[PDB]
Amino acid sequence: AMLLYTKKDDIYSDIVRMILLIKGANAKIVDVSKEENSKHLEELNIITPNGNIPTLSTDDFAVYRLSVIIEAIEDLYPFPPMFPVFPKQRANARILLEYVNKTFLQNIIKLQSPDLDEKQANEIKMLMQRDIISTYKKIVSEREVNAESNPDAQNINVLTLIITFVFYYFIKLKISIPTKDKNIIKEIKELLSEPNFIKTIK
């Protein structure tokens, strides 16, 4: 009964599709940008205020903001756990997720606007390059903290997942990752080579 409204080359859509894939869920993915699914596009603007993409809809609800969708998916599919196990770590994961969304995710979306000035697009790219490596190191540290608190547990580190798509769209948008650290480069290549990620980008 679960439906996911999707747009091609939308980084939010690709994140959610990889999350639904890991939780073993089976939702109907509807690329709303395609003309064949235009009947679903009409349905989307009815159940959402702005035809929000992406949107997770069932017979009971329709939710559309990334933090809400991730929280909702965690309620519908408890396995494997989405967030860390302890409340301070879970709160830290939500604060960091709010930051990654504000500085990277919705700026990746802004760069897909067609009426952007050259200087405007370059400032958006340069500002993300400025913080990408620093952000990646916080995510690795916060992931090593949670592994220390629970070695037996195996949760899907959602921030490591989201940062994989930041790197993927960095590559898609020809934005260079500013680091000569051969270890960081080794890890980014390994992030992009996770089988669940490869299956998501077809």
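Each residue number is its position in the shown sequence, starting from 1.
On average the C-alpha atoms of 52-60 have higher B-factors than those of the other stretch, with 52-60 and 158-166 being the two compared. According to the PDB record, 141-149 carries the higher mean C-alpha B-factor of the two stretches 141-149 and 62-70. As recorded in the entry, 85 carries the highest CA temperature factor of 132, 85, 97, 109.
Placement of the Cα temperature factor of residue 190 within the chain: highest third of the modelled residues, per the deposited record. Among the modelled residues of its chain, residue 114 has a C-alpha B-factor that falls in the highest third, as given in the PDB entry. For residue 171, the recorded CA B-factor ranks within the lowest third of the chain. Only modelled residues enter the ranking. Ranked against the other modelled residues of its chain, the C-alpha B-factor of residue 17 as given in the entry falls in the lowest third.
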